[PDB]
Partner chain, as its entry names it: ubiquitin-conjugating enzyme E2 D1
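Quick setup: one chain, the form deposited without its partner chain, written in structure tokens, and binding and motion questions come after.
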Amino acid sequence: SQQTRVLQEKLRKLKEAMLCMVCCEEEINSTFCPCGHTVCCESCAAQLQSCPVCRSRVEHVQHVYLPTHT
């Protein structure tokens, strides 16, 4: 039904929000510290000097294990 199409769209949007903001291909699994923005996969987070969201200096990257990881 049309309700099935609405639910498919909600699911797709939630899944796309879990993907890296730089490569759009890999799941987010890394946090820029100390700001806390968690928006990249490990590879894209590795060479950024400043956070791509808030411009704060990246002192280090913390790996995150999330229950939504697939």
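Positions refer to the first chain, counted from 1.
As recorded in the PDB entry, 18-26 is the stretch of 18-26 and 52-60 with the greater mean C-alpha temperature factor.
In what follows, reference is made to the form deposited with its partner chain bound, a form of this protein that is not presented.
Taking the partner from elsewhere, residue 22 is found to have a heavy atom lying within 4.5 Å of its partner chain in the deposited bound form. Mapping the unseen interface onto this chain, residue 57 falls outside it, with no heavy atom inside 4.5 Å of its partner chain in the deposited bound form.
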